[PDB]
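Right, one structure below, let's go through it.
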Amino acid sequence: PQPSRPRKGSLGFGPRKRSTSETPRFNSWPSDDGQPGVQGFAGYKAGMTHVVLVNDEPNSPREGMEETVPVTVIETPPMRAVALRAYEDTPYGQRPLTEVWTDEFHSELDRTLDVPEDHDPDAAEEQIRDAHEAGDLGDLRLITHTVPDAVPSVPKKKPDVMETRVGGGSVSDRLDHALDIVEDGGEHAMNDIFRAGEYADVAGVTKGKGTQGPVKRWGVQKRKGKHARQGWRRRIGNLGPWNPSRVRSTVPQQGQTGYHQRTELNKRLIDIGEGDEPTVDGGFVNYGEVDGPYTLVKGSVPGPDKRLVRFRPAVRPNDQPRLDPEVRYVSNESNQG
Amino acid sequence: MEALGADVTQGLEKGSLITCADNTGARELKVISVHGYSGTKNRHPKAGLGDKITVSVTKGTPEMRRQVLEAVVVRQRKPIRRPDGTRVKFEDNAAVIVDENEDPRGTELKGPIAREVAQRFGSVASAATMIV
Amino acid sequence: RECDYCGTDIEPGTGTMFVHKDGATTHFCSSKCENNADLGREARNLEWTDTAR
RNA sequence: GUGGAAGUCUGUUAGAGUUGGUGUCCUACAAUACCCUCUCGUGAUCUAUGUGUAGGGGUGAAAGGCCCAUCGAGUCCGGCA
RNA sequence: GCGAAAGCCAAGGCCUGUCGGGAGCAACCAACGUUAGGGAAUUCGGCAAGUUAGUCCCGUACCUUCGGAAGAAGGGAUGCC
RNA sequence: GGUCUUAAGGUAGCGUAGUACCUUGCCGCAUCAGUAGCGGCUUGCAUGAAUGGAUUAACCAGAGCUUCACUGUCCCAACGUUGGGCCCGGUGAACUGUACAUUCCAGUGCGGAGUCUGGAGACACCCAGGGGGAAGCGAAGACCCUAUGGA
RNA sequence: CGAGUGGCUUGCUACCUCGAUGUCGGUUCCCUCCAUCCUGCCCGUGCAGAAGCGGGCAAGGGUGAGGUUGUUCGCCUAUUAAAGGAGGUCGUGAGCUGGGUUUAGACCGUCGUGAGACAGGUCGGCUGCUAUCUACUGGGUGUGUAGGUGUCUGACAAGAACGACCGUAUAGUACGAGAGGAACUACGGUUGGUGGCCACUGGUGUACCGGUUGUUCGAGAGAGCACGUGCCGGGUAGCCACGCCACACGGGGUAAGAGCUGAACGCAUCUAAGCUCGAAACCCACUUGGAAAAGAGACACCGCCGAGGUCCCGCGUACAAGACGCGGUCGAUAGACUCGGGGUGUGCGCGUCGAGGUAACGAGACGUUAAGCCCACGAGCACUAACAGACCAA
Ligand SMILES: *C(=O)[C@H](Cc1ccccc1)NC(=O)CCCCCN
Ligand SMILES: [Cl-]
Ligand SMILES: [Cl-]
Ligand SMILES: [K+]
Ligand SMILES: [Mg+2]
Ligand SMILES: [Mg+2]
Ligand SMILES: [Mg+2]
Ligand SMILES: [Mg+2]
Ligand SMILES: [Mg+2]
Ligand SMILES: [Mg+2]
Ligand SMILES: [Mg+2]
Ligand SMILES: [Mg+2]
Ligand SMILES: [Mg+2]
Ligand SMILES: [Mg+2]
Ligand SMILES: [Mg+2]
Ligand SMILES: [Mg+2]
Ligand SMILES: [Mg+2]
Ligand SMILES: [Mg+2]
Ligand SMILES: [Mg+2]
Ligand SMILES: [Mg+2]
Ligand SMILES: [Mg+2]
Ligand SMILES: [Mg+2]
Ligand SMILES: [Mg+2]
Ligand SMILES: [Mg+2]
Ligand SMILES: [Mg+2]
Ligand SMILES: [Mg+2]
Ligand SMILES: [Mg+2]
Ligand SMILES: [Mg+2]
Ligand SMILES: [Mg+2]
Ligand SMILES: [Mg+2]
Ligand SMILES: [Mg+2]
Ligand SMILES: [Mg+2]
Ligand SMILES: [Mg+2]
Ligand SMILES: [Mg+2]
Ligand SMILES: [Mg+2]
Ligand SMILES: [Mg+2]
Ligand code: NA
Ligand code: NA
Ligand code: NA
Ligand code: NA
Ligand code: NA
Ligand code: NA
Ligand code: NA
Ligand code: NA
Ligand code: NA
Ligand code: NA
Ligand code: NA
Ligand code: NA
Ligand code: NA
Ligand code: NA
Ligand code: NA
Ligand code: NA
Ligand code: NA
Ligand code: NA
Ligand code: NA
Ligand code: NA
Ligand code: NA
Ligand code: NA
């Protein structure tokens, strides 16, 4: 009869090849509801510990009671919106129009970009407002970068640059809101965008595992019983039927596994602090000591320790925000032992 | 059903031999099926704490032997996680024979019971000697 | 809480509780303790144990 | 108690055999190999050397088995183009 | 140590079961170790693997050609000073 | 039927058999469930006495079944060890090759096409992989028929 | 009784292959069909309710575990929302298995004078090959677009990224004589699937530490071997699942169907023109890939005698080659050292005790000693090594 059974692995995350950018690139942004504001932030993964919380859920028979929750510590120092890029609507989608840069740059931004020595901010700004007058102005985003030098545990100094959308009230109002941020020095922080208790979508390039077989890469079985002793242990039965006489891309095969981008949805921000309160004794294995701006994300986050991760206000939340959860205990016990 | 209020790693399968924690006359029970459960190809149907499983009597009084009855899993060796993160495991695997209404077929329960089982089978709980 | 075996404080959100046959309960802070226990050893006789200390 | 029989038992003693793995090998190390497992191991036992039986003939506790990688009639040359 | 057994070591022989260098050395394959809870649900079939194990004491069923079955089964012991 | 063919007309036993077509026979044991196994029944398609019948202690790398024990056989896979594999120096074959050849979906054709027809797709070269196709390689099919073939 | 559709069964035919297209079943892995078993939306009912029966749309997803048998099929058990059927050379042996069929050995029954025969039964009875092309999964090198850095766009491509169930409130309510017994909606959980992650539990951990058997180095101390750890006990990091986190709603257009307005046909009519609704299906949303999209893209800045890049050196958030990423004295990139944080479980030696023994000797106990030994992690720290320097480039 041959019993039915779902195919092995999902066909929605391919091709399963190495990621082009180790720095994630969101392909969706939240909706323009509230007041103007940058729709994202970034940081570097450090490790995990647990925290005791007071059941915040109003529908839980346990609301108000203690509760152990797994948390991934992410160092989230301030970032800097170094420019405001403007897109225009055209018969072929959105296209960059112009950009408004500043003059105050982080000492080491030249490790990545050919920093601007001569730029005309106003002309850019003018071109943008004219575009808006004509009504061809497409969304507005800010060129942003991180300050790894601010994070000792992370070897790199070379900043990671990424573009983040600015969603706000009116286009005029948020256009202004953008320019304001940029003109200053672009210096902004996790506080300015997220509030502990809200849900965020975290993106990142997973931990790479080089080449791996089908069993691990796609979840196919291992040869069973006698078959596992004949000469085949971790190879699928066949590449397909006689006809069609070709191997279909849908059959599970070996290859690159890991080091892929992933946008993990609805991650609750348990807390946004600063200091060494979340650090573990002996130090986070293969990372270091935490003592500065940090964020505690509920559960796990894609990517390995030290990797850049990105935050974005949840684009499709299931639950309503339950702000500033009471944290009764944060474990600092050594992660060694 | 109702949330157990604890996470379980089923420590039993169809065919497993467990203890009958009561005085029905049935000593050993053999798991045959797990109420409301559907597995997946090649997967052995699994059962753990708080599940209502169909069972057959392997050992006990002649009249009880070979009978196919219903029961509830009261204890399992494989750990379970409670809301505060602590794991809880027992010395043996045991179940209590139950009827259509889920009232113990017996009069007394032998050995301890997991508190979580109460949030599901009241009459079974209200017949417990020790509830850990 | 305190480990019913070695005696050190059990880090919250950690450990296992073993329910005995008779109903008794035993909280363990780690595998190391549980295992030393299953070997039939008594914490008082193990010099590294806070109990013994 | 003595005695120490046995086509007797255990046994990778030596030695003989070859059940399963349908493993390794399968342009091999090898035109029958390797490893683990397994059988016998004082007897109708195993073995070296010498010696006898020759092709419709031998030899065969019989499988059409064996008679120099050749067997329901060896091999060589000839009949023969 | 029961031992021409294992394991270890002399005497004697050898580094010639004769290509090497490099990557924590990935997938996959050969041999193999360990795997929680369950415990043959696997499969034609428990195939493969595993369990048991030496010695002494206690104790030993059906059946039987009285020889045997039998190391039946089951229980206990086992070091060093 | 209450003898006739052709001499006799199946006795002791055994029996759904390593012999039973009907067949997974019927009843029972055993299991949640047992085309299996064992016991009883048994008209036996087509059992049966040295074509030996029945039965049988001991023995068995002989066939089937059950239990305890055991366990990665399985649930469901993981990590590890050693030799390969991968890169480098040196050594250095074979199989196979009408030609052309980057194919895919359909059609057509001696009715099972990389090469025909229509479309679709297609920048070149290279490394690793597991083997879908080349009705892949290997062997003038050992089955079947035919030959006024052979043994 | 009549008319058909399919090409799963069975039969017929002898077109194709006998210089061979490897058999049945199973397994594993992929795609598909709809004549729909469940799920969604509906119609009728001999539709009170509940539970059904029958029908329509509909192929998104699901359709599972076991006992006999080689079985396909089928019988049987317990679960279940349901445990649907079929095509892919009766998909799948250059993938596996080899139980059956279908070689040589043997037995039984039947048939034959006999050799020997019997889709009758039965025991035993082998599974070759280093991939040239093509195909696909992943990885590079070049050329084209025509100097560089960074950031984007989105033609198109993939997805099931989600399917389903149970429980509570609703409610012992509507309905009903009663027995019995719903729903909308809001909640909690489970199961299957999916992607990621290791604080927690768990596995490994031939790093490490301890115990101990045999033997060898005279004893002691400290060690080698016992298969690539002798065995036993514990186990860090990492990797992992048995562990943990996350995986909508809602819009738009439709099918069946329910209707509106409405004529042909003064009436009627959901349809002919127009319109309002309405499926787990379709489109969007969301995730992933994607400048080689030949209309071969956009923006900002830097640079064309110099911007940037390769080689080089120290290393990994990367890795089979290649690639990728970071650091390079204006430095914490790796090592040493010292702390911190961890694993073992209390070192050698000496002192006291020790059943005893004239004595020699003496297993072992306590103290010194949370000791000794060890660490794939972190910090401090320029002490050592990131030196020297080459090249390409409009
Ligand atoms: C019957 O189907 C025969 C049985 C057989 C014949 C000869 C020897 C032993 C058994 N089987 C075949 O004819 C198979 C043929 C294989 C052809 C493959 N190209
Ligand atoms: Cl398999
Ligand atoms: Cl079941
Ligand atoms: K043929
Ligand atoms: Mg094989
Ligand atoms: Mg740890
Ligand atoms: Mg199966
Ligand atoms: Mg711990
Ligand atoms: Mg003998
Ligand atoms: Mg012997
Ligand atoms: Mg001779
Ligand atoms: Mg013969
Ligand atoms: Mg196990
Ligand atoms: Mg079975
Ligand atoms: Mg099965
Ligand atoms: Mg065996
Ligand atoms: Mg019978
Ligand atoms: Mg006679
Ligand atoms: Mg063409
Ligand atoms: Mg021929
Ligand atoms: Mg013939
Ligand atoms: Mg003749
Ligand atoms: Mg072929
Ligand atoms: Mg239809
Ligand atoms: Mg489909
Ligand atoms: Mg086929
Ligand atoms: Mg099929
Ligand atoms: Mg094939
Ligand atoms: Mg083959
Ligand atoms: Mg091959
Ligand atoms: Mg066979
Ligand atoms: Mg057979
Ligand atoms: Mg025949
Ligand atoms: Mg056979
Ligand atoms: Mg050209
Ligand atoms: Mg060794
Ligand atoms: Na093989
Ligand atoms: Na093998
Ligand atoms: Na084939
Ligand atoms: Na005598
Ligand atoms: Na052999
Ligand atoms: Na002759
Ligand atoms: Na001649
Ligand atoms: Na040499
Ligand atoms: Na006769
Ligand atoms: Na014999
Ligand atoms: Na194993
Ligand atoms: Na192929
Ligand atoms: Na027809
Ligand atoms: Na041919
Ligand atoms: Na097959
Ligand atoms: Na469907
Ligand atoms: Na069956
Ligand atoms: Na075929
Ligand atoms: Na086959
Ligand atoms: Na084969
Ligand atoms: Na709709
Ligand atoms: Na281009």
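FYI, nothing fancy with the structure tokens labels: chains A, B, ... in order, residues from 1 per chain, ligands from 1 as they appear.
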
Using only C-alpha atoms (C1' of nucleotides) and all ligand atoms, I'd like a table of the residues in chain G that come within 12 Å of ligand 14; for each, show the closest atom pair and its distance in Å rounded to one decimal, ordered by chain and ascending number, as a tab-separated table.
residue	atom	partner	partner_atom_place_in_ligand_line	distance
G:65	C1'	ligand 14	1 (Mg)	11.6
G:66	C1'	ligand 14	1 (Mg)	8.0
G:67	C1'	ligand 14	1 (Mg)	7.9
G:68	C1'	ligand 14	1 (Mg)	10.6

Surrounding residues as a PDB file with N, CA and C atoms (P, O5', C5', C4', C3', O3' and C1' of nucleotides), in the first residue's frame, ligand 16, max 8 Å, only C-alpha atoms (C1' of nucleotides) and all ligand atoms:
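Everything below was put into selection.pdb:
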ATOM      1  P     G D  20      25.096 -20.939   5.206  1.00  0.00           P
ATOM      2  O5'   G D  20      24.992 -19.730   6.238  1.00  0.00           O
ATOM      3  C5'   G D  20      23.810 -19.536   7.037  1.00  0.00           C
ATOM      4  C4'   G D  20      24.006 -18.375   7.976  1.00  0.00           C
ATOM      5  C3'   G D  20      24.419 -17.070   7.317  1.00  0.00           C
ATOM      6  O3'   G D  20      23.307 -16.352   6.799  1.00  0.00           O
ATOM      7  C1'   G D  20      25.834 -17.487   9.155  1.00  0.00           C
TER       8        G D  20
ATOM      9  P     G E  46      11.317 -13.059  14.537  1.00  0.00           P
ATOM     10  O5'   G E  46      12.861 -12.743  14.852  1.00  0.00           O
ATOM     11  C5'   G E  46      13.808 -12.551  13.776  1.00  0.00           C
ATOM     12  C4'   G E  46      15.210 -12.205  14.268  1.00  0.00           C
ATOM     13  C3'   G E  46      16.098 -13.259  14.922  1.00  0.00           C
ATOM     14  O3'   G E  46      17.419 -13.135  14.406  1.00  0.00           O
ATOM     15  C1'   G E  46      15.899 -11.343  16.337  1.00  0.00           C
ATOM     16  P     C E  47      18.245 -14.450  13.951  1.00  0.00           P
ATOM     17  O5'   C E  47      19.329 -13.861  12.946  1.00  0.00           O
ATOM     18  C5'   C E  47      19.674 -14.537  11.724  1.00  0.00           C
ATOM     19  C4'   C E  47      20.082 -13.525  10.686  1.00  0.00           C
ATOM     20  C3'   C E  47      21.261 -12.640  11.063  1.00  0.00           C
ATOM     21  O3'   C E  47      22.500 -13.271  10.743  1.00  0.00           O
ATOM     22  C1'   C E  47      19.495 -11.300  10.259  1.00  0.00           C
ATOM     23  P     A E  48      23.671 -13.330  11.834  1.00  0.00           P
ATOM     24  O5'   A E  48      23.950 -11.801  12.153  1.00  0.00           O
ATOM     25  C5'   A E  48      24.736 -10.992  11.281  1.00  0.00           C
ATOM     26  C4'   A E  48      24.735  -9.567  11.774  1.00  0.00           C
ATOM     27  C3'   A E  48      25.249  -9.349  13.184  1.00  0.00           C
ATOM     28  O3'   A E  48      26.661  -9.264  13.225  1.00  0.00           O
ATOM     29  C1'   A E  48      23.178  -8.263  12.964  1.00  0.00           C
ATOM     30  P     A E  49      27.459  -9.917  14.459  1.00  0.00           P
ATOM     31  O5'   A E  49      26.986  -9.058  15.718  1.00  0.00           O
ATOM     32  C5'   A E  49      27.505  -7.741  15.934  1.00  0.00           C
ATOM     33  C4'   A E  49      26.625  -6.966  16.891  1.00  0.00           C
ATOM     34  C3'   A E  49      26.620  -7.396  18.348  1.00  0.00           C
ATOM     35  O3'   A E  49      27.733  -6.886  19.066  1.00  0.00           O
ATOM     36  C1'   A E  49      24.402  -7.124  17.649  1.00  0.00           C
TER      37        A E  49
END

Q: Hey, list the chain G side of the contact with chain A: 7 Å cut-off, only C-alpha atoms (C1' of nucleotides), answer as an NGL selection string.
A: :G and (28-30 or 63 or 88 or 91-92 or 95-96 or 135-138 or 149-151 or 153 or 158-159 or 194 or 196-197 or 199 or 236 or 245-246 or 248 or 288-289 or 298-302 or 317 or 319 or 326 or 340-342 or 377-378)

Q) Within 8 Å of ligand 36, counting only C-alpha atoms (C1' of nucleotides) and all ligand atoms: which residues, as a PyMOL selection string? A) chain G and resi 225-230

Q) Once you count only C-alpha atoms (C1' of nucleotides) and all ligand atoms, which residues end up within 10 Å of ligand 45, and could you hand them over as a PyMOL selection string? A) chain F and resi 10+47-49+51

Q.
Please identify all protein, DNA and RNA residues within 12 Å of ligand 49, counting only C-alpha atoms (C1' of nucleotides) and all ligand atoms, and report them as a list in words.
A. residues 4, 5, 6 and 7 of chain G

Pull N, CA, C and O atoms (P, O5', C5', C4', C3', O3' and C1' of nucleotides) from the residues just selected and write them as a PDB file, in the first residue's frame.
ATOM      1  P     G G   4     -22.606   4.682 -28.179  1.00  0.00           P
ATOM      2  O5'   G G   4     -21.990   5.769 -27.191  1.00  0.00           O
ATOM      3  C5'   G G   4     -20.679   5.613 -26.630  1.00  0.00           C
ATOM      4  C4'   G G   4     -20.580   6.385 -25.340  1.00  0.00           C
ATOM      5  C3'   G G   4     -19.209   6.453 -24.699  1.00  0.00           C
ATOM      6  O3'   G G   4     -18.409   7.441 -25.333  1.00  0.00           O
ATOM      7  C1'   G G   4     -20.819   5.994 -23.043  1.00  0.00           C
ATOM      8  P     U G   5     -16.856   7.143 -25.637  1.00  0.00           P
ATOM      9  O5'   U G   5     -16.127   7.461 -24.258  1.00  0.00           O
ATOM     10  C5'   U G   5     -16.124   8.789 -23.716  1.00  0.00           C
ATOM     11  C4'   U G   5     -15.629   8.766 -22.290  1.00  0.00           C
ATOM     12  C3'   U G   5     -14.323   8.033 -22.047  1.00  0.00           C
ATOM     13  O3'   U G   5     -13.208   8.827 -22.397  1.00  0.00           O
ATOM     14  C1'   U G   5     -15.869   7.378 -20.411  1.00  0.00           C
ATOM     15  P     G G   6     -11.844   8.125 -22.858  1.00  0.00           P
ATOM     16  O5'   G G   6     -11.262   7.478 -21.526  1.00  0.00           O
ATOM     17  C5'   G G   6     -10.964   8.303 -20.385  1.00  0.00           C
ATOM     18  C4'   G G   6     -10.643   7.442 -19.194  1.00  0.00           C
ATOM     19  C3'   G G   6      -9.446   6.521 -19.363  1.00  0.00           C
ATOM     20  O3'   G G   6      -8.258   7.246 -19.059  1.00  0.00           O
ATOM     21  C1'   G G   6     -11.267   5.318 -18.439  1.00  0.00           C
ATOM     22  P     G G   7      -6.958   7.091 -19.991  1.00  0.00           P
ATOM     23  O5'   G G   7      -6.374   5.683 -19.563  1.00  0.00           O
ATOM     24  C5'   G G   7      -6.206   5.362 -18.187  1.00  0.00           C
ATOM     25  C4'   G G   7      -6.066   3.879 -18.032  1.00  0.00           C
ATOM     26  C3'   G G   7      -4.925   3.253 -18.829  1.00  0.00           C
ATOM     27  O3'   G G   7      -4.365   2.189 -18.082  1.00  0.00           O
ATOM     28  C1'   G G   7      -6.991   2.324 -19.523  1.00  0.00           C
TER      29        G G   7
END

(Q) Give me, as number ranges by chain, the residues of chain C touching chain A, with the criterion being at most 8 Å (counting only C-alpha atoms). (A) C: 11-13

Q: Considering only C-alpha atoms (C1' of nucleotides), return as a VMD selection string whatever protein or nucleic-acid residues lie within 9 Å of residue 87 of chain F, sequence-local ones (same chain, fewer than 2 positions apart) excluded.
A: (chain E and resid 22 to 23) or (chain G and resid 320 to 321)

Q | Contacts of residue 40 of chain E at 12 Å (only C-alpha atoms (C1' of nucleotides); same-chain gap of 6+ positions) as a list in words | A |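 Answer for this query is residues 225 of chain A; 15 and 16 of chain B; 46 of chain E; 70, 71, 72, 73, 74 and 75 of chain F.
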
How would the residues just picked look written out with N, CA and C atoms (P, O5', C5', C4', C3', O3' and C1' of nucleotides) as a PDB file, in the first residue's frame?
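Final output, result.pdb:
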ATOM      1  N   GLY A 225      17.565  -1.346   9.521  1.00  0.00           N
ATOM      2  CA  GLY A 225      17.804  -2.774   9.614  1.00  0.00           C
ATOM      3  C   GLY A 225      18.958  -3.310   8.783  1.00  0.00           C
TER       4      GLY A 225
ATOM      5  N   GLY B  15       2.813  -1.129  23.154  1.00  0.00           N
ATOM      6  CA  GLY B  15       3.531  -2.353  23.431  1.00  0.00           C
ATOM      7  C   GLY B  15       4.325  -2.325  24.712  1.00  0.00           C
ATOM      8  N   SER B  16       4.501  -1.145  25.306  1.00  0.00           N
ATOM      9  CA  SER B  16       5.255  -1.024  26.564  1.00  0.00           C
ATOM     10  C   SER B  16       4.523  -1.678  27.736  1.00  0.00           C
TER      11      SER B  16
ATOM     12  P     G E  46      11.317 -13.059  14.537  1.00  0.00           P
ATOM     13  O5'   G E  46      12.861 -12.743  14.852  1.00  0.00           O
ATOM     14  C5'   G E  46      13.808 -12.551  13.776  1.00  0.00           C
ATOM     15  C4'   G E  46      15.210 -12.205  14.268  1.00  0.00           C
ATOM     16  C3'   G E  46      16.098 -13.259  14.922  1.00  0.00           C
ATOM     17  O3'   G E  46      17.419 -13.135  14.406  1.00  0.00           O
ATOM     18  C1'   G E  46      15.899 -11.343  16.337  1.00  0.00           C
TER      19        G E  46
ATOM     20  P     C F  70      16.866  -8.011  31.068  1.00  0.00           P
ATOM     21  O5'   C F  70      17.776  -8.049  29.765  1.00  0.00           O
ATOM     22  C5'   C F  70      19.185  -8.305  29.854  1.00  0.00           C
ATOM     23  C4'   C F  70      19.781  -8.401  28.471  1.00  0.00           C
ATOM     24  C3'   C F  70      19.554  -7.204  27.557  1.00  0.00           C
ATOM     25  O3'   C F  70      20.479  -6.144  27.792  1.00  0.00           O
ATOM     26  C1'   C F  70      19.086  -9.190  26.371  1.00  0.00           C
ATOM     27  P     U F  71      19.938  -4.662  28.137  1.00  0.00           P
ATOM     28  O5'   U F  71      20.186  -3.809  26.818  1.00  0.00           O
ATOM     29  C5'   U F  71      21.451  -3.839  26.159  1.00  0.00           C
ATOM     30  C4'   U F  71      21.259  -4.175  24.708  1.00  0.00           C
ATOM     31  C3'   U F  71      20.529  -3.163  23.843  1.00  0.00           C
ATOM     32  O3'   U F  71      21.392  -2.109  23.461  1.00  0.00           O
ATOM     33  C1'   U F  71      19.772  -5.328  23.327  1.00  0.00           C
ATOM     34  P     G F  72      20.820  -0.861  22.632  1.00  0.00           P
ATOM     35  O5'   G F  72      21.196  -1.190  21.119  1.00  0.00           O
ATOM     36  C5'   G F  72      20.297  -1.930  20.272  1.00  0.00           C
ATOM     37  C4'   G F  72      20.228  -1.307  18.900  1.00  0.00           C
ATOM     38  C3'   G F  72      21.569  -1.116  18.199  1.00  0.00           C
ATOM     39  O3'   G F  72      21.417  -1.316  16.804  1.00  0.00           O
ATOM     40  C1'   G F  72      20.510   0.977  18.473  1.00  0.00           C
ATOM     41  P     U F  73      21.602  -2.787  16.188  1.00  0.00           P
ATOM     42  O5'   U F  73      20.190  -3.081  15.518  1.00  0.00           O
ATOM     43  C5'   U F  73      20.102  -3.531  14.163  1.00  0.00           C
ATOM     44  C4'   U F  73      18.663  -3.759  13.772  1.00  0.00           C
ATOM     45  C3'   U F  73      17.711  -2.584  13.923  1.00  0.00           C
ATOM     46  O3'   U F  73      17.819  -1.697  12.820  1.00  0.00           O
ATOM     47  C1'   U F  73      16.696  -4.533  14.769  1.00  0.00           C
ATOM     48  P     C F  74      17.618  -0.121  13.031  1.00  0.00           P
ATOM     49  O5'   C F  74      16.093   0.014  13.430  1.00  0.00           O
ATOM     50  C5'   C F  74      15.059  -0.226  12.478  1.00  0.00           C
ATOM     51  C4'   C F  74      13.721  -0.106  13.154  1.00  0.00           C
ATOM     52  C3'   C F  74      13.444   1.244  13.791  1.00  0.00           C
ATOM     53  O3'   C F  74      12.939   2.169  12.843  1.00  0.00           O
ATOM     54  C1'   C F  74      13.003  -0.443  15.367  1.00  0.00           C
ATOM     55  P     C F  75      13.292   3.727  12.983  1.00  0.00           P
ATOM     56  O5'   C F  75      12.328   4.218  14.145  1.00  0.00           O
ATOM     57  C5'   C F  75      10.914   4.027  14.037  1.00  0.00           C
ATOM     58  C4'   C F  75      10.229   4.489  15.294  1.00  0.00           C
ATOM     59  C3'   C F  75      10.558   5.901  15.742  1.00  0.00           C
ATOM     60  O3'   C F  75       9.753   6.842  15.048  1.00  0.00           O
ATOM     61  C1'   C F  75      10.701   4.441  17.589  1.00  0.00           C
TER      62        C F  75
END

Q | Residues near residue 2 of chain C, cut-off 8 Å, only C-alpha atoms (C1' of nucleotides), skip fewer than 4 positions along chain, as a PyMOL selection string | A | chain C and resi 7-10+27+29

Q: Would you kindly return, as a PyMOL selection string, each protein, DNA or RNA residue with an atom no farther than 7 Å from any atom of residue 64 of chain G, considering only C-alpha atoms (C1' of nucleotides) and excluding same-chain residues fewer than 6 positions away?
A: (chain B and resi 38-41) or (chain G and resi 83)

Quick one: write out the picked residues with C-alpha atoms (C1' of nucleotides) as a PDB file, in the first residue's frame?
ATOM      1  CA  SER B  38      -2.114  10.064  15.374  1.00  0.00           C
ATOM      2  CA  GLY B  39       1.569   9.533  14.571  1.00  0.00           C
ATOM      3  CA  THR B  40       3.483   9.492  11.285  1.00  0.00           C
ATOM      4  CA  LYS B  41       4.967   6.808   9.013  1.00  0.00           C
TER       5      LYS B  41
ATOM      6  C1'   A G  83      -6.827   6.042   8.768  1.00  0.00           C
TER       7        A G  83
END

Q) Using the chain letters and numbers from this document, which residues of segment 82-124 of chain B does DSSP assign to strand (DSSP E), as a PyMOL selection string? A) chain B and resi 87-90+94-98

File of the preceding selection, N, CA, C and O atoms, as an mmCIF file, in the first residue's frame:
data_model
loop_
_atom_site.group_PDB
_atom_site.id
_atom_site.type_symbol
_atom_site.label_atom_id
_atom_site.label_comp_id
_atom_site.auth_asym_id
_atom_site.auth_seq_id
_atom_site.Cartn_x
_atom_site.Cartn_y
_atom_site.Cartn_z
ATOM 1 N N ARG B 87 13.117 19.603 36.322
ATOM 2 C CA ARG B 87 12.653 18.372 35.691
ATOM 3 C C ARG B 87 12.145 17.438 36.772
ATOM 4 O O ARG B 87 12.641 17.450 37.896
ATOM 5 N N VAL B 88 11.157 16.622 36.431
ATOM 6 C CA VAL B 88 10.596 15.684 37.385
ATOM 7 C C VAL B 88 10.498 14.293 36.763
ATOM 8 O O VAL B 88 9.944 14.122 35.677
ATOM 9 N N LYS B 89 11.046 13.301 37.452
ATOM 10 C CA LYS B 89 10.995 11.936 36.960
ATOM 11 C C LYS B 89 10.668 10.964 38.096
ATOM 12 O O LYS B 89 10.957 11.239 39.261
ATOM 13 N N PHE B 90 10.068 9.830 37.755
ATOM 14 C CA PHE B 90 9.705 8.846 38.758
ATOM 15 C C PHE B 90 10.539 7.570 38.742
ATOM 16 O O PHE B 90 11.358 7.347 37.859
ATOM 17 N N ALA B 94 3.780 3.989 35.525
ATOM 18 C CA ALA B 94 2.536 3.437 36.029
ATOM 19 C C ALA B 94 1.300 4.139 35.521
ATOM 20 O O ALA B 94 1.319 5.334 35.184
ATOM 21 N N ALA B 95 0.219 3.371 35.477
ATOM 22 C CA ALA B 95 -1.062 3.878 35.023
ATOM 23 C C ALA B 95 -2.174 3.324 35.915
ATOM 24 O O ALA B 95 -2.014 2.270 36.557
ATOM 25 N N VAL B 96 -3.299 4.034 35.953
ATOM 26 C CA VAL B 96 -4.440 3.614 36.760
ATOM 27 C C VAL B 96 -5.662 3.312 35.884
ATOM 28 O O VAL B 96 -6.127 4.177 35.134
ATOM 29 N N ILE B 97 -6.186 2.093 35.972
ATOM 30 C CA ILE B 97 -7.338 1.751 35.148
ATOM 31 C C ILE B 97 -8.510 2.676 35.440
ATOM 32 O O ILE B 97 -8.851 2.933 36.594
ATOM 33 N N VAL B 98 -9.119 3.169 34.371
ATOM 34 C CA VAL B 98 -10.227 4.106 34.455
ATOM 35 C C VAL B 98 -11.420 3.578 33.635
ATOM 36 O O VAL B 98 -11.262 2.642 32.839
#
